[PDB]
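Visitor: Coordinates in query-v1.cif, mmCIF, C-alpha atoms, are listed below.
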data_start
loop_
_atom_site.group_PDB
_atom_site.id
_atom_site.type_symbol
_atom_site.label_atom_id
_atom_site.label_comp_id
_atom_site.auth_asym_id
_atom_site.auth_seq_id
_atom_site.Cartn_x
_atom_site.Cartn_y
_atom_site.Cartn_z
ATOM 1 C CA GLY A 182 95.497 -14.680 107.564
ATOM 2 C CA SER A 183 91.917 -15.901 107.491
ATOM 3 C CA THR A 184 89.255 -14.199 105.337
ATOM 4 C CA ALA A 185 87.191 -13.529 108.439
ATOM 5 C CA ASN A 186 90.156 -11.807 110.117
ATOM 6 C CA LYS A 187 90.671 -9.679 107.014
ATOM 7 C CA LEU A 188 86.972 -8.675 107.107
ATOM 8 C CA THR A 189 87.260 -7.621 110.786
ATOM 9 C CA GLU A 190 90.298 -5.475 109.892
ATOM 10 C CA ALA A 191 88.529 -4.011 106.841
ATOM 11 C CA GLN A 192 85.549 -3.117 109.045
ATOM 12 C CA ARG A 193 87.890 -1.383 111.508
ATOM 13 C CA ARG A 194 89.457 0.593 108.682
ATOM 14 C CA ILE A 195 86.049 1.598 107.377
ATOM 15 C CA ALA A 196 85.108 2.935 110.831
ATOM 16 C CA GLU A 197 88.402 4.823 111.034
ATOM 17 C CA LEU A 198 87.997 6.338 107.554
ATOM 18 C CA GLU A 199 84.379 7.339 108.218
ATOM 19 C CA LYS A 200 85.490 9.217 111.330
ATOM 20 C CA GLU A 201 88.264 11.040 109.472
ATOM 21 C CA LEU A 202 85.941 11.920 106.546
ATOM 22 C CA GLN A 203 83.464 13.333 109.024
ATOM 23 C CA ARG A 204 86.122 15.383 110.744
ATOM 24 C CA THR A 205 87.469 16.766 107.435
ATOM 25 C CA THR A 206 83.954 17.465 106.080
ATOM 26 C CA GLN A 207 83.132 19.337 109.256
ATOM 27 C CA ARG A 208 86.194 21.549 108.662
ATOM 28 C CA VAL A 209 85.111 22.162 105.040
ATOM 29 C CA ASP A 210 81.789 23.594 106.256
ATOM 30 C CA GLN A 211 83.512 25.651 108.947
ATOM 31 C CA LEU A 212 85.894 27.099 106.376
ATOM 32 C CA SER A 213 82.988 27.672 103.918
ATOM 33 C CA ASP A 214 81.329 29.731 106.635
ATOM 34 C CA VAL A 215 84.509 31.833 107.119
ATOM 35 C CA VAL A 216 84.721 32.378 103.378
ATOM 36 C CA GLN A 217 81.215 33.719 103.200
ATOM 37 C CA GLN A 218 81.673 35.858 106.295
ATOM 38 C CA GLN A 219 84.764 37.409 104.733
ATOM 39 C CA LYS A 220 82.890 38.104 101.477
ATOM 40 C CA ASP A 221 80.107 39.800 103.461
ATOM 41 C CA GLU A 222 82.657 41.872 105.394
ATOM 42 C CA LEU A 223 84.459 42.962 102.240
ATOM 43 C CA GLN A 224 81.187 44.128 100.671
ATOM 44 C CA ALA A 225 80.183 45.817 103.920
ATOM 45 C CA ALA A 226 83.492 47.750 103.957
ATOM 46 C CA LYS A 227 83.014 48.776 100.320
ATOM 47 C CA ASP A 228 79.440 49.895 101.083
ATOM 48 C CA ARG A 229 80.604 51.900 104.095
ATOM 49 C CA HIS A 230 83.353 53.639 102.095
ATOM 50 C CA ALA A 231 80.972 54.461 99.232
ATOM 51 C CA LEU A 232 78.469 55.939 101.676
ATOM 52 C CA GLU A 233 81.129 58.083 103.357
ATOM 53 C CA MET A 234 82.419 59.221 99.954
ATOM 54 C CA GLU A 235 78.890 60.132 98.871
ATOM 55 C CA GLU A 236 77.950 61.979 102.035
ATOM 56 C CA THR A 237 81.205 64.012 101.649
ATOM 57 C CA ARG A 238 80.589 64.822 97.928
ATOM 58 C CA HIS A 239 76.997 65.987 98.589
ATOM 59 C CA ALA A 240 78.333 68.215 101.383
ATOM 60 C CA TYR A 241 81.040 69.679 99.128
ATOM 61 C CA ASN A 242 78.484 70.334 96.337
ATOM 62 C CA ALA A 243 76.072 71.959 98.849
ATOM 63 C CA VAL A 244 78.813 74.209 100.201
ATOM 64 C CA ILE A 245 79.853 75.306 96.713
ATOM 65 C CA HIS A 246 76.207 76.026 95.860
ATOM 66 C CA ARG A 247 75.670 77.957 99.125
ATOM 67 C CA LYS A 248 78.791 80.101 98.684
ATOM 68 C CA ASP A 249 77.781 80.908 95.097
ATOM 69 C CA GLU A 250 74.350 82.070 96.294
ATOM 70 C CA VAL A 251 75.746 84.223 99.128
ATOM 71 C CA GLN A 252 78.333 85.826 96.814
ATOM 72 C CA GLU A 253 75.572 86.449 94.266
ATOM 73 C CA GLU A 254 73.407 88.202 96.874
ATOM 74 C CA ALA A 255 76.405 90.256 98.007
ATOM 75 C CA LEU A 256 77.118 91.430 94.445
ATOM 76 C CA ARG A 257 73.462 92.182 93.680
ATOM 77 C CA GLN A 258 73.397 94.271 96.885
ATOM 78 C CA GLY B 182 81.225 -17.327 99.896
ATOM 79 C CA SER B 183 79.497 -14.728 102.070
ATOM 80 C CA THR B 184 82.598 -13.925 104.171
ATOM 81 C CA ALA B 185 84.762 -13.409 101.082
ATOM 82 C CA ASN B 186 81.986 -11.384 99.424
ATOM 83 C CA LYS B 187 81.592 -9.139 102.441
ATOM 84 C CA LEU B 188 85.356 -8.613 102.400
ATOM 85 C CA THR B 189 85.260 -7.640 98.726
ATOM 86 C CA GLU B 190 82.402 -5.249 99.539
ATOM 87 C CA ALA B 191 84.387 -3.762 102.483
ATOM 88 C CA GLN B 192 87.490 -3.337 100.293
ATOM 89 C CA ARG B 193 85.415 -1.415 97.762
ATOM 90 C CA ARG B 194 83.970 0.753 100.535
ATOM 91 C CA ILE B 195 87.501 1.496 101.818
ATOM 92 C CA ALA B 196 88.550 2.555 98.272
ATOM 93 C CA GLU B 197 85.487 4.841 98.003
ATOM 94 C CA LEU B 198 86.158 6.449 101.395
ATOM 95 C CA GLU B 199 89.857 6.979 100.663
ATOM 96 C CA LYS B 200 88.999 8.761 97.453
ATOM 97 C CA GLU B 201 86.338 10.897 99.144
ATOM 98 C CA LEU B 202 88.799 11.847 101.936
ATOM 99 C CA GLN B 203 91.385 12.874 99.341
ATOM 100 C CA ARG B 204 88.880 15.085 97.584
ATOM 101 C CA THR B 205 87.611 16.587 100.877
ATOM 102 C CA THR B 206 91.144 17.302 102.126
ATOM 103 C CA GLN B 207 91.842 19.032 98.791
ATOM 104 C CA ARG B 208 88.695 21.159 99.256
ATOM 105 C CA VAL B 209 89.873 22.141 102.754
ATOM 106 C CA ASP B 210 93.149 23.317 101.255
ATOM 107 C CA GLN B 211 91.443 25.219 98.482
ATOM 108 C CA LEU B 212 89.188 26.923 101.058
ATOM 109 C CA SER B 213 92.111 27.574 103.394
ATOM 110 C CA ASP B 214 93.843 29.371 100.524
ATOM 111 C CA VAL B 215 90.744 31.479 99.848
ATOM 112 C CA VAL B 216 90.535 32.457 103.531
ATOM 113 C CA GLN B 217 94.117 33.756 103.588
ATOM 114 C CA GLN B 218 93.751 35.592 100.267
ATOM 115 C CA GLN B 219 90.535 37.256 101.474
ATOM 116 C CA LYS B 220 92.272 38.395 104.671
ATOM 117 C CA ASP B 221 94.930 40.106 102.533
ATOM 118 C CA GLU B 222 92.264 41.548 100.226
ATOM 119 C CA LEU B 223 90.273 42.957 103.164
ATOM 120 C CA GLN B 224 93.292 44.786 104.561
ATOM 121 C CA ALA B 225 94.286 46.079 101.131
ATOM 122 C CA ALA B 226 90.775 47.407 100.634
ATOM 123 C CA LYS B 227 90.585 49.122 104.016
ATOM 124 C CA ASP B 228 93.931 50.796 103.264
ATOM 125 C CA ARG B 229 92.759 52.013 99.839
ATOM 126 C CA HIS B 230 89.460 53.289 101.258
ATOM 127 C CA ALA B 231 91.210 55.293 103.993
ATOM 128 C CA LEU B 232 93.736 56.862 101.613
ATOM 129 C CA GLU B 233 90.993 57.710 99.104
ATOM 130 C CA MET B 234 88.803 59.226 101.811
ATOM 131 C CA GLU B 235 91.642 61.432 103.088
ATOM 132 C CA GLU B 236 92.705 62.652 99.647
ATOM 133 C CA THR B 237 89.076 63.350 98.703
ATOM 134 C CA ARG B 238 88.435 65.421 101.824
ATOM 135 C CA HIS B 239 91.636 67.402 101.330
ATOM 136 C CA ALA B 240 90.673 68.188 97.712
ATOM 137 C CA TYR B 241 87.180 69.355 98.634
ATOM 138 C CA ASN B 242 88.646 71.440 101.458
ATOM 139 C CA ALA B 243 91.351 73.039 99.336
ATOM 140 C CA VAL B 244 88.741 73.993 96.730
ATOM 141 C CA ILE B 245 86.339 75.425 99.311
ATOM 142 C CA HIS B 246 89.136 77.441 100.914
ATOM 143 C CA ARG B 247 90.272 78.859 97.589
ATOM 144 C CA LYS B 248 86.683 79.780 96.779
ATOM 145 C CA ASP B 249 86.369 81.720 100.037
ATOM 146 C CA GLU B 250 89.734 83.426 99.425
ATOM 147 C CA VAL B 251 88.897 84.441 95.820
ATOM 148 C CA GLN B 252 85.370 85.571 96.656
ATOM 149 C CA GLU B 253 86.488 87.617 99.655
ATOM 150 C CA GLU B 254 89.214 89.343 97.655
ATOM 151 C CA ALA B 255 86.698 90.127 94.891
ATOM 152 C CA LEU B 256 84.522 91.961 97.422
ATOM 153 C CA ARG B 257 87.533 93.685 98.985
ATOM 154 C CA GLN B 258 88.558 95.092 95.606
ATOM 155 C CA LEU B 259 84.998 96.149 94.794
ATOM 156 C CA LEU B 260 84.650 97.830 98.198
ATOM 157 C CA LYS B 261 87.934 99.720 97.762
ATOM 158 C CA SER B 262 86.743 100.890 94.334
ATOM 159 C CA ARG B 263 83.519 102.141 95.913
ATOM 160 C CA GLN B 264 85.397 103.939 98.689
ATOM 161 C CA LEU B 265 87.444 105.764 96.029
ATOM 162 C CA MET B 266 84.489 106.811 93.892
ATOM 163 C CA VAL B 267 82.863 108.125 97.073
ATOM 164 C CA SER B 268 85.886 109.960 98.472
ATOM 165 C CA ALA B 269 86.266 111.666 95.089
ATOM 166 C CA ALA B 270 82.582 112.593 94.808
ATOM 167 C CA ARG B 271 82.632 113.985 98.356
ATOM 168 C CA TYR B 272 85.695 116.116 97.585
ATOM 169 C CA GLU B 273 84.156 117.285 94.300
ATOM 170 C CA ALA B 274 81.029 118.399 96.215
ATOM 171 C CA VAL B 275 82.887 120.514 98.839
ATOM 172 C CA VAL B 276 84.966 122.070 96.040
ATOM 173 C CA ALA B 277 81.880 123.005 93.999
ATOM 174 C CA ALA B 278 79.836 124.186 96.977
ATOM 175 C CA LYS B 279 82.769 126.364 98.079
ATOM 176 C CA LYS B 280 83.162 127.777 94.565
ATOM 177 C CA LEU B 281 79.443 128.534 94.260
ATOM 178 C CA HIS B 282 79.276 130.255 97.657
ATOM 179 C CA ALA B 283 82.371 132.351 96.911
ATOM 180 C CA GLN B 284 80.951 133.539 93.546
ATOM 181 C CA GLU B 285 77.665 134.586 95.198
ATOM 182 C CA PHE B 286 79.358 136.434 98.020
ATOM 183 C CA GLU B 287 81.869 138.180 95.697
ATOM 184 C CA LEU B 288 79.187 139.258 93.140
ATOM 185 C CA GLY B 289 77.698 141.202 95.997
ATOM 186 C CA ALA B 290 80.809 143.347 96.616
ATOM 187 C CA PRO B 291 80.661 147.036 95.685
#
Written as structure tokens, that's how I'd like the structure from this file.

Guide:
Amino acid sequence: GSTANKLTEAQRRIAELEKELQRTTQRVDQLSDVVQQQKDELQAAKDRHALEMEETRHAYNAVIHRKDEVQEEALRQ
Amino acid sequence: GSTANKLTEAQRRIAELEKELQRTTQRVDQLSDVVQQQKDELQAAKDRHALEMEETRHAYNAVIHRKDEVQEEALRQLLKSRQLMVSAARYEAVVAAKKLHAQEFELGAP
């Protein structure tokens, strides 16, 4: 085949490869976005659990303190 | 000439693109693997958090309940002890007031 014909075919293949590289690169960035969203969600869940655990511990400690005080006042009286 | 040179240039550009596509398609796969692992991780974490929260609440609650039980029984025993001291003092006061009044009355007999 002629050199010119080969060039036309090479130019077609370039255009085809560019399209496919664009498509695949677009998917990389979409997946990178999912990865970060998942990381944010995992931290958010950990933060929510820690907050619930801490609210519950403060409540327990307050109740123990309160019941000690009441008992103390009962025994002083 | 020019035609041949442009073909050589195009062949190089094809080789560059093919290698970039290979790398990009590998990155997609690496990211796809991360996405699935993070899904599994998220669920595992939610399950651990829920179990930990439930066990923690039950432990606090069992300790609070035992504290109420032990404290209330401490008062109940103290209050029973007081009721006994008082029922005995009250009986000892009738007994002594009766004895005193009988002695005073009797001393006055002929």

Visitor: List the residues selected by the PyMOL selection byres ((chain A and resi 199-212) around 9) in the file shown, writing them as JSON, numbers by chain.

Guide: {"A": [194, 195, 196, 197, 198, 213, 214, 215, 216, 217], "B": [198, 199, 201, 202, 205, 206, 208, 209, 210, 212, 213, 216]}

Visitor: Figure out the distance between CA of residue 226 (chain A) and CA of residue 224 (chain B), please, to one decimal in Å.

Guide: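 These atoms are spaced 10.3 Å apart.
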
Visitor: What residues come out when you apply the PyMOL selection byres ((chain A and resi 237-252) around 8) to this file, written as a list in words?

Guide: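 So the PyMOL selection byres ((chain A and resi 237-252) around 8), applied here, picks out residues 233, 234, 235, 236, 253, 254, 255 and 256 of chain A; 238, 241, 245, 249 and 252 of chain B.
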
Visitor: If the PyMOL selection byres ((chain A and resi 185) around 12) were run on this exact file, what residues would it hold? Put them as number ranges by chain.

Guide: A: 182-184, 186-192; B: 182-189, 191

Visitor: Grab the CA of residue 268 (chain B) to CA of residue 250 (chain B) distance for me, in Å with one decimal place.

Guide: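 One can read the CA of residue 268 (chain B) to CA of residue 250 (chain B) distance as 26.8 Å.
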
Visitor: Please, what is the axis-aligned box for every listed atom of region 223-228 of chain A with 6 Å on each side, as centre and edge lengths in Å to one decimal, as lines of an AutoDock Vina configuration file?

Guide:
center_x = 81.9
center_y = 46.4
center_z = 102.1
size_x = 17.0
size_y = 18.9
size_z = 15.6

Visitor: Ranking B:217, B:204, B:243, B:230 by minimum distance to chain A and counting only C-alpha atoms, which one comes first?

Guide: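 Going through B:217, B:204, B:243, B:230 one by one, the smallest distance to chain A is for B:230.
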
Visitor: Work out how far CA of residue 228 (chain A) is from CA of residue 222 (chain B), in Å to one decimal.

Guide: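 Separating CA of residue 222 (chain B) from CA of residue 228 (chain A) is a distance of 15.3 Å.
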
Visitor: Give as a short mmCIF file (atom, residue, chain, number, x, y, z; two decimals) with C-alpha atoms, keeping the file's coordinate frame the set of residues within 12 Å of the point (83.7, 40.8, 102.2), where distances use the file's coordinates and only C-alpha atoms.

Guide:
data_model
loop_
_atom_site.label_atom_id
_atom_site.label_comp_id
_atom_site.auth_asym_id
_atom_site.auth_seq_id
_atom_site.Cartn_x
_atom_site.Cartn_y
_atom_site.Cartn_z
CA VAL A 215 84.51 31.83 107.12
CA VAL A 216 84.72 32.38 103.38
CA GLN A 217 81.22 33.72 103.20
CA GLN A 218 81.67 35.86 106.30
CA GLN A 219 84.76 37.41 104.73
CA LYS A 220 82.89 38.10 101.48
CA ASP A 221 80.11 39.80 103.46
CA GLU A 222 82.66 41.87 105.39
CA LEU A 223 84.46 42.96 102.24
CA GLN A 224 81.19 44.13 100.67
CA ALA A 225 80.18 45.82 103.92
CA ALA A 226 83.49 47.75 103.96
CA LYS A 227 83.01 48.78 100.32
CA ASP A 228 79.44 49.90 101.08
CA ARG A 229 80.60 51.90 104.10
CA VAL B 215 90.74 31.48 99.85
CA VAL B 216 90.54 32.46 103.53
CA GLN B 218 93.75 35.59 100.27
CA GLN B 219 90.54 37.26 101.47
CA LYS B 220 92.27 38.40 104.67
CA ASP B 221 94.93 40.11 102.53
CA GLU B 222 92.26 41.55 100.23
CA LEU B 223 90.27 42.96 103.16
CA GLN B 224 93.29 44.79 104.56
CA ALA B 225 94.29 46.08 101.13
CA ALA B 226 90.78 47.41 100.63
CA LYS B 227 90.58 49.12 104.02
#

Visitor: Of the residues B:195, B:251, B:288, B:281, which is the one nearest to chain A, using all atoms listed in the file?

Guide: B:195

Visitor: Taking the partial coordinates given, rebuild region 191-216 of chain A to contain N, CA, C and O atoms; return it as a PDB file, keeping the file's coordinate frame.

Guide:
ATOM      1  N   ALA A 191      89.128  -4.951 107.810  1.00  0.00           N
ATOM      2  CA  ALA A 191      88.529  -4.011 106.841  1.00  0.00           C
ATOM      3  C   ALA A 191      87.408  -3.184 107.503  1.00  0.00           C
ATOM      4  O   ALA A 191      87.299  -2.035 107.210  1.00  0.00           O
ATOM      5  N   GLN A 192      86.667  -3.834 108.387  1.00  0.00           N
ATOM      6  CA  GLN A 192      85.549  -3.117 109.045  1.00  0.00           C
ATOM      7  C   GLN A 192      86.106  -2.046 110.006  1.00  0.00           C
ATOM      8  O   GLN A 192      85.572  -0.994 110.092  1.00  0.00           O
ATOM      9  N   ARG A 193      87.221  -2.377 110.634  1.00  0.00           N
ATOM     10  CA  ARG A 193      87.890  -1.383 111.508  1.00  0.00           C
ATOM     11  C   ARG A 193      88.358  -0.176 110.701  1.00  0.00           C
ATOM     12  O   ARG A 193      88.217   0.924 111.130  1.00  0.00           O
ATOM     13  N   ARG A 194      88.966  -0.479 109.553  1.00  0.00           N
ATOM     14  CA  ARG A 194      89.457   0.593 108.682  1.00  0.00           C
ATOM     15  C   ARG A 194      88.318   1.452 108.120  1.00  0.00           C
ATOM     16  O   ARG A 194      88.510   2.613 107.998  1.00  0.00           O
ATOM     17  N   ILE A 195      87.210   0.792 107.784  1.00  0.00           N
ATOM     18  CA  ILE A 195      86.049   1.598 107.377  1.00  0.00           C
ATOM     19  C   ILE A 195      85.675   2.581 108.485  1.00  0.00           C
ATOM     20  O   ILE A 195      85.434   3.762 108.229  1.00  0.00           O
ATOM     21  N   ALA A 196      85.553   2.085 109.724  1.00  0.00           N
ATOM     22  CA  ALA A 196      85.108   2.935 110.831  1.00  0.00           C
ATOM     23  C   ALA A 196      86.076   4.090 111.045  1.00  0.00           C
ATOM     24  O   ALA A 196      85.663   5.244 111.240  1.00  0.00           O
ATOM     25  N   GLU A 197      87.359   3.809 110.892  1.00  0.00           N
ATOM     26  CA  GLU A 197      88.402   4.823 111.034  1.00  0.00           C
ATOM     27  C   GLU A 197      88.315   5.874 109.933  1.00  0.00           C
ATOM     28  O   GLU A 197      88.402   7.086 110.205  1.00  0.00           O
ATOM     29  N   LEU A 198      88.132   5.425 108.680  1.00  0.00           N
ATOM     30  CA  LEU A 198      87.997   6.338 107.554  1.00  0.00           C
ATOM     31  C   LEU A 198      86.729   7.157 107.659  1.00  0.00           C
ATOM     32  O   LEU A 198      86.724   8.348 107.313  1.00  0.00           O
ATOM     33  N   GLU A 199      85.644   6.564 108.070  1.00  0.00           N
ATOM     34  CA  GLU A 199      84.379   7.339 108.218  1.00  0.00           C
ATOM     35  C   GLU A 199      84.587   8.501 109.212  1.00  0.00           C
ATOM     36  O   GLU A 199      84.238   9.561 108.968  1.00  0.00           O
ATOM     37  N   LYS A 200      85.254   8.199 110.288  1.00  0.00           N
ATOM     38  CA  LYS A 200      85.490   9.217 111.330  1.00  0.00           C
ATOM     39  C   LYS A 200      86.316  10.394 110.773  1.00  0.00           C
ATOM     40  O   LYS A 200      86.042  11.511 111.029  1.00  0.00           O
ATOM     41  N   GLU A 201      87.337  10.035 110.029  1.00  0.00           N
ATOM     42  CA  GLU A 201      88.264  11.040 109.472  1.00  0.00           C
ATOM     43  C   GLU A 201      87.554  11.853 108.368  1.00  0.00           C
ATOM     44  O   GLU A 201      87.790  12.994 108.278  1.00  0.00           O
ATOM     45  N   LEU A 202      86.706  11.195 107.591  1.00  0.00           N
ATOM     46  CA  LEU A 202      85.941  11.920 106.546  1.00  0.00           C
ATOM     47  C   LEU A 202      84.920  12.893 107.193  1.00  0.00           C
ATOM     48  O   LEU A 202      84.749  13.960 106.744  1.00  0.00           O
ATOM     49  N   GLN A 203      84.425  12.456 108.321  1.00  0.00           N
ATOM     50  CA  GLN A 203      83.464  13.333 109.024  1.00  0.00           C
ATOM     51  C   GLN A 203      84.197  14.561 109.576  1.00  0.00           C
ATOM     52  O   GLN A 203      83.760  15.639 109.413  1.00  0.00           O
ATOM     53  N   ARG A 204      85.311  14.266 110.217  1.00  0.00           N
ATOM     54  CA  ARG A 204      86.122  15.383 110.744  1.00  0.00           C
ATOM     55  C   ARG A 204      86.479  16.378 109.636  1.00  0.00           C
ATOM     56  O   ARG A 204      86.416  17.548 109.855  1.00  0.00           O
ATOM     57  N   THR A 205      87.015  15.865 108.524  1.00  0.00           N
ATOM     58  CA  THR A 205      87.469  16.766 107.435  1.00  0.00           C
ATOM     59  C   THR A 205      86.282  17.511 106.800  1.00  0.00           C
ATOM     60  O   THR A 205      86.449  18.634 106.376  1.00  0.00           O
ATOM     61  N   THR A 206      85.154  16.820 106.649  1.00  0.00           N
ATOM     62  CA  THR A 206      83.954  17.465 106.080  1.00  0.00           C
ATOM     63  C   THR A 206      83.443  18.559 107.017  1.00  0.00           C
ATOM     64  O   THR A 206      83.067  19.570 106.561  1.00  0.00           O
ATOM     65  N   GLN A 207      83.511  18.273 108.294  1.00  0.00           N
ATOM     66  CA  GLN A 207      83.132  19.337 109.256  1.00  0.00           C
ATOM     67  C   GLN A 207      83.997  20.597 109.100  1.00  0.00           C
ATOM     68  O   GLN A 207      83.483  21.661 109.214  1.00  0.00           O
ATOM     69  N   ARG A 208      85.299  20.395 108.896  1.00  0.00           N
ATOM     70  CA  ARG A 208      86.194  21.549 108.662  1.00  0.00           C
ATOM     71  C   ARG A 208      85.886  22.272 107.340  1.00  0.00           C
ATOM     72  O   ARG A 208      85.978  23.425 107.302  1.00  0.00           O
ATOM     73  N   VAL A 209      85.516  21.506 106.318  1.00  0.00           N
ATOM     74  CA  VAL A 209      85.111  22.162 105.040  1.00  0.00           C
ATOM     75  C   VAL A 209      83.968  23.176 105.302  1.00  0.00           C
ATOM     76  O   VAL A 209      84.010  24.253 104.834  1.00  0.00           O
ATOM     77  N   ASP A 210      82.953  22.700 105.997  1.00  0.00           N
ATOM     78  CA  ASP A 210      81.789  23.594 106.256  1.00  0.00           C
ATOM     79  C   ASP A 210      82.161  24.769 107.178  1.00  0.00           C
ATOM     80  O   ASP A 210      81.609  25.826 107.001  1.00  0.00           O
ATOM     81  N   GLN A 211      83.049  24.524 108.130  1.00  0.00           N
ATOM     82  CA  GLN A 211      83.512  25.651 108.947  1.00  0.00           C
ATOM     83  C   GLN A 211      84.263  26.666 108.098  1.00  0.00           C
ATOM     84  O   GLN A 211      84.023  27.866 108.186  1.00  0.00           O
ATOM     85  N   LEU A 212      85.167  26.197 107.259  1.00  0.00           N
ATOM     86  CA  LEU A 212      85.894  27.099 106.376  1.00  0.00           C
ATOM     87  C   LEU A 212      84.972  27.773 105.361  1.00  0.00           C
ATOM     88  O   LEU A 212      85.198  28.937 105.025  1.00  0.00           O
ATOM     89  N   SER A 213      83.956  27.053 104.834  1.00  0.00           N
ATOM     90  CA  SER A 213      82.988  27.672 103.918  1.00  0.00           C
ATOM     91  C   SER A 213      82.262  28.819 104.591  1.00  0.00           C
ATOM     92  O   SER A 213      81.968  29.847 103.956  1.00  0.00           O
ATOM     93  N   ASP A 214      81.944  28.650 105.878  1.00  0.00           N
ATOM     94  CA  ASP A 214      81.329  29.731 106.635  1.00  0.00           C
ATOM     95  C   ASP A 214      82.262  30.940 106.748  1.00  0.00           C
ATOM     96  O   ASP A 214      81.811  32.073 106.562  1.00  0.00           O
ATOM     97  N   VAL A 215      83.554  30.722 107.035  1.00  0.00           N
ATOM     98  CA  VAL A 215      84.509  31.833 107.119  1.00  0.00           C
ATOM     99  C   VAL A 215      84.576  32.547 105.779  1.00  0.00           C
ATOM    100  O   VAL A 215      84.651  33.780 105.704  1.00  0.00           O
ATOM    101  N   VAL A 216      84.561  31.773 104.697  1.00  0.00           N
ATOM    102  CA  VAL A 216      84.721  32.378 103.378  1.00  0.00           C
ATOM    103  C   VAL A 216      83.558  33.300 103.102  1.00  0.00           C
ATOM    104  O   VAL A 216      83.730  34.414 102.589  1.00  0.00           O
TER     105      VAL A 216
END
